[PDB]
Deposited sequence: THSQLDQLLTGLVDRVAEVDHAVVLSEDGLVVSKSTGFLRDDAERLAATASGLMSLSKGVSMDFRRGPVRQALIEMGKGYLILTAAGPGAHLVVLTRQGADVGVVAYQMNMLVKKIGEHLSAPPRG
């Protein structure tokens, strides 16, 4: 488990609002994921995020919760899935602090 994997797993563990997290390369490759996020589920999130960016940041609210995406430097994006009713401000702050730590 890489340092980035531990950071992502740490975000998910500490933040009640955050269910899963991945970091995707410019090409859509999963570079890192929270350790309790299965490869099938992570790549499903990756396929969604890559579709989003074919259509920098994005925030999509649904019934489920939110999908939030932000830049993690010029070559990658951090992508998070929240639980239902999460405070977006809290999650965005946590993600911004994570990107800083990387």
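Annotation: deposited residues 1, 57 to 69, 117 to 126 are not represented by C-alpha coordinates in the model.
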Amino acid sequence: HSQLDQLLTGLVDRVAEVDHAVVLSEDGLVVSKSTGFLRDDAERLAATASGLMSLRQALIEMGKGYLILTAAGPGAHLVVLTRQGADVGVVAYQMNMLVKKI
From here on, numbers count along this sequence of modelled residues.
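For the pair 45 to 53 and 59 to 67, the mean B factor over Cα atoms is greater in 59 to 67. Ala86: CA B factor in the middle third of modelled residues in this chain (values from the PDB entry).
For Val15, the recorded CA temperature factor ranks within the middle third of the chain's modelled residues.
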